[PDB]
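Chemist:
Number of protein chains: 6
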Amino acid sequence: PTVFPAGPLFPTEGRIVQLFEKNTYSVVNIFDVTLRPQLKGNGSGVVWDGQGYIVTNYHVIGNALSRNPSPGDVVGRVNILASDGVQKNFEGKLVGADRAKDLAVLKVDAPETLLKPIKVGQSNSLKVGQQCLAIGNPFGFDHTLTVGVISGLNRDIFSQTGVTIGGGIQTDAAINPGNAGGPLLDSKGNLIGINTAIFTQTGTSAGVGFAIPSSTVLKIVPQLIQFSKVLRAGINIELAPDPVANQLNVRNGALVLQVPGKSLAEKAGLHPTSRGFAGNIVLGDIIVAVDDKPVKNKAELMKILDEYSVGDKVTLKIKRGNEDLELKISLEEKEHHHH
Amino acid sequence: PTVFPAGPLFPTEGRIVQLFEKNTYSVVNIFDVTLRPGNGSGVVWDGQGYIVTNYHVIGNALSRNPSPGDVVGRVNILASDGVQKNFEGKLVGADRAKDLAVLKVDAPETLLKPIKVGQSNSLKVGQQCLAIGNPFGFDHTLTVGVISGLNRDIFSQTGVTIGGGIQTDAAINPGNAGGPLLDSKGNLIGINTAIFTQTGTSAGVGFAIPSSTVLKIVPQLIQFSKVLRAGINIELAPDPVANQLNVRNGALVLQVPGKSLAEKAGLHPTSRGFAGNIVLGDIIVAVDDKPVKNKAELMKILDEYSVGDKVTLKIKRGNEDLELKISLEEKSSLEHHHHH
Amino acid sequence: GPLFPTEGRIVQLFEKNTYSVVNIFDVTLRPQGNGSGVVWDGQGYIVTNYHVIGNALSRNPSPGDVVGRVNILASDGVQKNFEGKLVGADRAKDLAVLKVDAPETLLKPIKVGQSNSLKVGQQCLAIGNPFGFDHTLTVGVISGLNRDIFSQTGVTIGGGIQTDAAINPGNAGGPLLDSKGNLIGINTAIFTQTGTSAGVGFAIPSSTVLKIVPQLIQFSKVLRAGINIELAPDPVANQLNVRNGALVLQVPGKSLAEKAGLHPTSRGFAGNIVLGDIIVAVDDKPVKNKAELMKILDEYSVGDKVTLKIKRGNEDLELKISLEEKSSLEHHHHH
Amino acid sequence: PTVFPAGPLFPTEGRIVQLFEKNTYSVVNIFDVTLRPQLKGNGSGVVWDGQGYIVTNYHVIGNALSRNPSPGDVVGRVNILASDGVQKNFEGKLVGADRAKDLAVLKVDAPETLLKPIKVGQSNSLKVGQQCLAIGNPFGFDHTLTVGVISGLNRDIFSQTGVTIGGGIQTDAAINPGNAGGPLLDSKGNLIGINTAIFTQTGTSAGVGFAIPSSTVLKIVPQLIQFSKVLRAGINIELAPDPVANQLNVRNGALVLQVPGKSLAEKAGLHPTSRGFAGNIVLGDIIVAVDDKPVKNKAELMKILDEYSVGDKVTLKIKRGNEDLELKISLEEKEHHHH
Amino acid sequence: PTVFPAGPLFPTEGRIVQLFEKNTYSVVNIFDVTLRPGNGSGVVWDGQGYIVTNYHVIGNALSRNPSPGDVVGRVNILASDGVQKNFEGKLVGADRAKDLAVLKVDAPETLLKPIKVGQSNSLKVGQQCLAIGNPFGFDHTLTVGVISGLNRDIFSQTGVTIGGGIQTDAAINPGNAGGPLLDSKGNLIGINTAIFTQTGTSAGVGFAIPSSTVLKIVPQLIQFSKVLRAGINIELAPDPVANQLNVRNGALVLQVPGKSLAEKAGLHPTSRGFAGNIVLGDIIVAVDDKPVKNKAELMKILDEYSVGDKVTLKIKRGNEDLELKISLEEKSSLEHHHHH
Amino acid sequence: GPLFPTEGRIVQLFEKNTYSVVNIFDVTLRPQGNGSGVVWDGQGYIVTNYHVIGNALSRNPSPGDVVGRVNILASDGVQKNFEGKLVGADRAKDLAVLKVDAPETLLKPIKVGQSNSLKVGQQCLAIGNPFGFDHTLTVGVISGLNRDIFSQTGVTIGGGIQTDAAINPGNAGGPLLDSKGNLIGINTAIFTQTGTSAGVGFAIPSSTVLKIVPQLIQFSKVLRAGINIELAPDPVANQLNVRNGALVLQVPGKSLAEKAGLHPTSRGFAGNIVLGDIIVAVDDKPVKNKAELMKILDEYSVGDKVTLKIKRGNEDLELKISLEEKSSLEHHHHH
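Protein chains in written order, with the entry's author numbering: chain B, 104 to 143, 153 to 446, 450 to 454; chain A, 104 to 140, 153 to 455; chain C, 110 to 141, 153 to 455; chain B', 104 to 143, 153 to 446, 450 to 454; chain A', 104 to 140, 153 to 455; chain C', 110 to 141, 153 to 455. A prime marks a further copy of an entry chain.
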């Protein structure tokens with residue numbers, strides 16, 4: 104029977120083939136060394161720079177980070193593809209980690225020649241409809257690719273960390289164990305996010321997955337490198353996710369859902385939402401501005417606070433009913452999902 | 104490290120981006136007022164504020180027997196200033212059989228950007244399609260794939276299977292249910308429709324009600340608040356079942372409710388004997404003169420007759436070709452799949 | 110309607126190829153298995169998955185038995201029904217071959233491509249004819265190469281193509297095509313360990329189909345000689361830092377392999393792991409991983425004497441062993 | 104190591120041992136012949161009388177009955193334990209079946225010597241707390257036993273038939289595939305019910321199972337023997353289960369939940385229950401008496417109707433709100452659960 | 104065939120039958136008024164109409180922050196004429212930590228048959244027990260087994276684990292939740308309590324709150340509407356976890372919330388190091404003078420102190436025996452298991 | 110409080126026997153396997169399920185290795201902790217033996233009964249010591265005899281006792297006692313095919329424990345000779361109307377059994393079933409079912425020559441065959 108040889112590719116698939124090939128080198132495989140395999153976690157990472165710094169999800173080395181390691185502790189095995197086409201194995205020493213953003217940084221001792229840093233794009237200028245490519249190196253002997261479009265922006269990631277991440281990219285490229293921790297790339301091969309594994313509420317797939325946007329990666333990684341951690345200042349309250357807030361007709365601001373016992377929030381004058389014995393619902397305060405740096409949703413509020421330091425005193429502009437009130441509060445050090 | 108700014112888009116992703124942005128305005132958000140923390156998307160049908168969605172997105176409200184005029188939804192519509200504005204959605208009419216509902220919003224015609232509607236009958240498997248949603252009233256969603264199949268049963272979360280549906284490999288989910296499926300020219304070719312499968316298992320394809328159906332049902336709901344259908348109360352085999360039984364042309368009669376018009380007319384159903392030797396229920400190949408290829412077509416053909424009408428059914432009863440006559444009556448029975 | 114370039118090309122490729130994609134109903138199943157197949161040649165040979173006629177195959181049919189009803193789309197747009205008589209089947213590769221008695225005019229054999237030159241990122245079309253009344257299409261890219269397929273036959277197939285086109289009952293047994301419309305694999309239904317979908321599916325590569333199908337036509341089955349040992353799948357091996365060769369995991373009591381002097385992999389109580397031999401050469405022919413070793417031994421026959429070059433820890437040893445028929449197929453236990 | 108021999112048993116366990124042994128002979132095994140086994153339905157039945165009549169659940173030969181068999185058709189393989197201690201295999205020809213009560217009768221051609229009829233007790237005089245023994249012969253090579261107490265009376269059985277059976281016995285003896293179709297016996301060895309397999313709403317076991325009471329078996333079996341079937345007359349409406357009715361504060365009568373299109377019920381003047389757009393609930397009529405044979409719950413109503421014949425005209429005494437109204441209706445021939 | 108009439112009952116089944124019938128009257132039915140088609156059984160506590168049940172059977176009503184006096188339940192009580200009569204159940208008080216709630220019914224003392232309460236502290240594994248329910252207000256249910264275990268954690272469907280519970284192999288289910296567990300003399304030894312397990316899997320045993328707890332909590336709810344507890348906000352290891360870590364005496368401190376009284380007092384928690392070498396958090400062996408066997412006992416001991424009180428904790432820190440002093444404050448934190 | 114007769118007897122039987130029921134924690138498991157065991161004798165031998173120390177056993181411990189921590193209830197009401205050193209293990213019967221170094225005064229060996237004289241309907245007590253701080257009890261009746269146990273080791277054990285006393289992690293590895301407080305089996309955790317509970321549990325009969333435990337003490341393991349064939353479980357066989365003997369289902373290629381001339385069971389395509397040979401005699405010793413055949417062959421050794429009397433259809437044939445070590449344990453695949 105006649106076998107037709109590989110012929111020229113069409114323009115679009117041709118470009119994807121080239122983008123994938125070129126970026127394979129920048130996508131590493133990571134094995135969590137604390138896992139005794141079945142001899143009868154883990155995933156991908158991205159080469160951050162020529163120094164040997166590696167970026168991955170907190171979760172891909174979750175089990176290891178659950179053992180309270182200090183910087184320098186060998187926490188991963190890293191496989192890096194060389195020009196020779198073969199993957200070389202390196203010690204991944206822990207640099208820093210941040211569970212809230214499901215990001216972890218490792219450092220490798222490797223020849224700069226061997227290391228090919230990912231190109232970084234701007235996630236803030238992404239448009240729904242843009243092509244994206246999710247690359248993985250899940251086992252350190254090959255690479256994987258899924259392709260789809262930016263499906264939504266500024267969506268919550270229900271990370272398998274257990275903590276939900278605000279401001280996530282949604283894509284209809286398949287995101288799975290084969291690419292978790294690896295890069296989401298745009299049509300130019302620029303990193304626009306980190307493929308992030310999630311848990312859904314139900315068992316059924318909605319056919320879409322998620323990436324931590326590069327804007328967040330750029331903000332977090334250097335902090336992890338310098339300080340091994342991100343110290344955050346904020347308010348220990350529970351705010352409504354955009355979907356809940358909007359369903360309750362809160363179109364603007366951060367709706368306060370809960371304000372726990374004797375909290376700083378309590379003492380400053382902030383009210384939660386509830387149901388009365390009638391079945392009536394009683395809306396909580398809505399934070400519209402910090403000082404008066406405008407707030408329009410939960411996620412942006414978090415990003416406002418994440419930059420102040422502990423003890424900073426600020427002025428919350430709030431909405432309760434139709435009124436508009438200013439409130440003082442001091443910030444202290446800064450939760451999960453049911454998935 | 105160094106940050107590279109938004110580059111120029113390639114042609115295909117470029118078109119998709121512009122089609123999406125252009126169509127955000129026509130894709131509204133609907134919250135069922137009877138729910139607390153259904154719900155999903157809809158489509159601006161015309162400049163008068165008529166809104167089209169799935170029966171299922173306002174299913175809870177519809178179950179409580181509301182009357183036309185009742186506020187059953189809160190409708191969010193994207194204005195040119197980029198913020199979504201809120202409107203009461205009054206019920207116009209609903210049709211469970213086709214999983215469609217129509218609401219009416221009181222808004223400035225200057226606000227409303229009616230969706231552009233195309234012809235689903237000309238669709239080709241392989242064509243690009245975009246499924247758009249506005250599931251929470253604060254942004255929009257997109258998925259993209261191809262037309263994967265045509266004339267397929269939709270196991271709607273209504274509990275009632277819809278025939279003649281479009282299959283796509285664009286992800287169809289709660290984030291775009293009730294929203295439009297568009298072709299590459301941005302014409303509406305269907306309404307994204309949530310389904311239940313028999314298993315807990317994704318086949319990786321989704322479904323939409325074809326625009327040809329929407330075009331037929333919506334004006335009736337607007338004019339009458341409901342769809343009156345003439346038909347025959349019998350159970351017909353789904354196409355995959357009929358073909359498995361080697362019935363390659365016509366609609367196969369499976370079950371015939373006791374003392375029905377069908378029974379009195381002498382229509383025979385389908386029975387697996389204790390040995391195992393199948394007599395095939397009658398097979399309907401023609402209504403009067405016009406040929407019937409399958410179940411979907413029989414339904415489509417009948418839907419154009421009136422409740423008074425007496426028709427002649429040309430049927431295959433085993434080997435022989437025979438004729439039975441029957442009066443059509445209001446087609447009330449619903450086709451319940453029992454997927455969950 | 111008028112169409113844009115890429116979608117225009119898919120629409121035409123799909124239409125052109127519908128004729129070569131048949132529908133198969135397993136005749137041993139009563140209504141309320154089953155799927156698609158491909159026309160292999162003008163004599164009426166039809167290729168499909170073992171699994172799409174699995175029920176019939178479980179009943180030990182002989183070649184010539186009517187195991188399926190086959191529907192084939194004719195030039196006039198209607199599908200015609202034919203008796204599908206069994207030609208041969210191979211559970212190990214989840215492939216089966218039927219023969220229909222039909223006119224050449226009806227039969228449009230699929231064109232076959234070269235799966236060994238595939239590149240991740242290439243467009244693929246997965247086509248089905250699930251019910252004999254229409255055809256289905258899903259479109260994605262090649263997502264991965266040389267991946268294990270956990271076939272619904274219950275047996276793991278090495279060397280599979282991974283794609284992010286949806287592979288489902290609507291196209292199982294059907295062709296996976298490249299952008300030239302050349303067959304690059306056969307869409308193959310799988311069971312996952314969990315059930316949670318990863319958004320990717322699998323196809324047996326056409327190189328395997330090319331190897332197996334003529335043997336089924338001639339002999340009705342494929343006989344294999346090998347070694348009764350358990351080899352490490354690639355992920356597990358590369359977790360243990362074995363980047364080359366077939367890592368030997370388990371080694372049976374009193375086996376040919378034992379007699380030959382080949383070591384299994386052992387976790388000692390003192391928490392440690394010690395590595396089984398790694399097979400890197402069969403008759404000095406380089407062995408790259410498990411799938412490669414399997415491919416290589418499949419070319420021998422029962423009784424043949426071969427020389428294995430193994431890596432025992434940091435050593436280099438050459439063993440003798442005689443190949444025998446194997447005690448099992450490789451059963452994953454996914455459901 | 105020293106091994107102590109079987110010694111005398113204590114009184115209670117001694118009696119159970121004896122009851123079990125003695126009744127094994129009366130408990131048969133039934134294989135549904137339409138099932139091709141895995142060569143690389154079904155359960156137990158009870159010997160009804162010396163004629164060879166066998167009583168089991170509809171469900172244990174469910175697959176066979178799904179093929180529309182006529183009386184006389186060989187529908188089961190029956191294994192009967194003989195004094196010799198060995199089970200002998202017989203043809204089970206279908207006598208009759210009733211899906212609504214999940215009962216089926218088979219007839220065997222066997223030596224009267226071989227057949228040991230079960231002793232039948234009165235289920236109507238059962239008391240919660242009484243000891244019960246559930247016996248099975250699931251495979252025709254041994255027998256099984258579970259022991260518990262009557263846990264509740266007049267409870268719905270959500271049979272694996274798909275149809276719920278009113279008036280069932282609840283027991284905390286384990287009811288399972290090992291005894292489905294077999295007898296539930298009281299402390300004297302008298303048959304008080306037929307162990308009946310069910311589907312639960314949720315997946316969690318409540319630790320209790322069910323038996324069709326002997327009162328029902330006694331009423332149904334002879335009809336199946338004479339007529340191969342039970343013809344029933346009734347009203348094609350949907351009535352509320354006791355638990356729902358009581359929760360809505362209907363303590364007496366049969367609460368009408370649904371009255372479908374153009375039904376006899378429609379035309380006679382019967383109303384269903386519903387929720388209004390408010391979320392308000394609107395109670396349907398409550399049938400308190402047929403003619404004036406008092407009704408106090410769904411189950412007793414069914415048992416009133418099951419004795420009239422088709423076309424009989426009766427007078428429903430109903431409650432709507434506070435009033436009390438009489439209603440005429442003619443009965444026609446006579450539904451499932453979501454489990 | 105021939106029908107044999109009700110024979111005489113044997114002694115054990117005979118006793119069970121009479122105990123059950125006798126106790127039906129004390130076992131009421133409770134419907135949460137905030138639910139539509153929670154709910155279960157309760158126990159008549161005294162002749163004044165005080166009703167005892169699980170917090171969980173009226174959980175939905177309690178979540179809406181009702182005040183004492185609010186009608187949160189419909190209570191059905193079996194009278195001597197054999198019919199259940201209906202009463203408004205007004206909330207008296209609830210305690211989530213012990214999964215107990217008290218309602219108040221306005222009824223003729225002649226109607227009310229208070230349950231007889233026994234001593235759970237004298238219970239022996241192997242004793243016969245009966246679990247009675249009145250789940251729908253039209254009859255009663257019974258299950259029977261033995262006391263299977265003592266002082267076991269109850270993973271209450273409240274979401275909060277209760278220490279010191281009774282384990283039985285009588286089936287405990289929605290049909291008897293909130294109802295009494297009785298001994299062979301018909302004394303109340305516990306309240307049947309619905310649980311969540313970690314798996315979807317029955318171990319075939321159920322749980323009840325011991326009467327010793329009920330005896331302590333109920334009068335407080337009647338007098339005060341709530342229970343005030345003095346304690347220490349720290350996380351203590353469940354007994355099965357402590358023993359697995361070879362801590363065979365005392366309460367093992369797992370976690371110590373940042374800048375708590377416990378922290379400032381110098382109590383050390385438990386940490387698994389990156390190598391793997393466990394330093395055991397402090398182990399509390401005595402409060403002041405009185406010895407502490409395990410976690411349940413520490414809680415029990417603390418519950419008798421007052422919010423003012425300063426106590427001396429004798430602790431095991433690795434090998435050495437040490438003392439840390441701490442003021443008790445209101446024990447607010449709840450112990451959430453996360454089973455579903 | 111004062112107690113009624115039957116409950117009084119249980120309470121006392123339970124208390125008296127707590128001392129003989131120990132707690133075992135598998136030392137290879139880090140906290141947040154494990155269960156109960158029985159004191160076998162005054163030298164400190166402890167019997168439990170293979171599965172309760174399964175993790176440790178997976179790591180290939182040698183006899184003498186500390187595989188468990190054992191807690192034993194002393195006369196003063198507190199449990200004392202001891203190193204549990206491995207003596208022997210047998211996965212096939214889900215049994216393991218440990219040895220503790222303790223004073224005779226501490227050790228109260230369980231009294232052993234006769235499982236072969238058990239009657240359905242008898243009272244049984246299932247006792248546990250799951251955590252080393254108390255004991256648990258469940259009470260039921262003997263519900264069935266000679267039933268397959270689908271052990272959580274993954275291997276099916278024939279000849280098991282079925283009871284409607286709850287068997288759970290709280291008593292796995294612990295004793296099942298009769299009304300005299302005699303050991304009649306070891307409570308054994310199982311996996312069911314579905315997961316849906318049938319309200320009954322299982323115990324390895326003391327006759328099996330009696331047979332296995334001394335061999336583990338002497339030799340650390342049990343070696344078995346048998347036939348590499350697949351035998352029909354009793355339900356399946358009695359569905360096919362085989363009421364006596366071991367029905368042979370599967371028969372490997374080039375097996376000793378094949379060479380011997382023994383037929384498998386076959387479903388022909390023409391819808392029919394044809395019966396594999398039924399083994400009814402090993403050296404003219406009557407074979408009643410699968411479990412009996414297994415018991416019988418376990419008494420031989422590798423190499424022994426035996427005569428099988430089979431029933432081939434309506435025939436009567438006598439074959440020769442040599443017994444070999446077996447290629448597998450019998451794995452159900454329940455989870």
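No residue lacks a Cβ here, since even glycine has one placed at the ideal position from N, Cα and C.
Have a look at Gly294(B), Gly365(B), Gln163(B) and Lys341(B) and flag the residue whose alpha-carbon is nearest the alpha-carbon of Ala309(B).
Modeler: Comparing Cα positions, the closest option is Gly294(B).
Chemist: Identify each residue in the segment 161 to 184 of chain B for which the Cβ-Cβ distance to at least one residue of chain E is less than 9 angstroms, and report them in chain order.
Modeler: Considering every chain present, this structure includes no chain E. Its protein chains are B, A, C, B', A' and C'.
Chemist: Exposed or buried, what is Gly301(A) when buried is set at 16 or more other beta-carbons lying within 10 Å of its beta-carbon?
Modeler: Looking at its Cβ environment, which holds 16 or more other Cβ atoms inside 10 Å, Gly301(A) is buried.
Chemist: Could you give the distance in angstroms between the alpha-carbon of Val207(A) and the alpha-carbon of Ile192(A)?
Modeler: Those two C-alpha atoms are separated by around 18 angstroms.
Chemist: Can you list, in chain order, the residues of its chain whose CB lies under 8 angstroms from that of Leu336(B), leaving out five sequence neighbours each side?
Modeler: Cβ neighbours of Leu336(B) beyond the five flanking positions: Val207, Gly208, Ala209, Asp210, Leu215, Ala216, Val217 and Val342.
Chemist: Can you check whether the C-beta of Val356(B) is within less than 7 angstroms of a C-beta belonging to chain A?
Modeler: Yes, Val356(B) lies at the interface with chain A (some Cβ there is under 7 angstroms from its Cβ).
Chemist: Using a C-beta to C-beta distance shorter than 8 angstroms, which residues of chain B count as neighbours of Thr137(A')?
Modeler: Near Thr137(A') (Cβ distances below 8 angstroms), the residues of chain B are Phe389 and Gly391.
Chemist: Taking C-beta to C-beta, are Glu224(B) and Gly305(B) nearer than 7 angstroms?
Modeler: Cβ distance not < 7 angstroms, so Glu224(B) and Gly305(B) don't count as in contact.
Chemist: Chain B' partners of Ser447(A), CB-CB under 8 angstroms?
Modeler: Within 8 angstroms Cβ-Cβ: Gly373.
Chemist: Thinking C-alpha only, which one of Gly157(C'), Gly381(C') and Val368(C') is nearest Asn249(C')?
Modeler: For the residues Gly157(C'), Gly381(C') and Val368(C'), the minimum Cα distance to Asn249(C') belongs to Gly157(C').
Chemist: Between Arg267(C) and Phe389(C'), is the Cβ-Cβ spacing less than 7 angstroms?
Modeler: It is not a contact, given that the beta carbons lie outside the stated cut-off.
Chemist: For the pair the segment 185 to 204 of chain B' and the segment 275 to 295 of chain B', tell me if three or more CB-CB distances fall below 8 angstroms.
Modeler: Touching, no.
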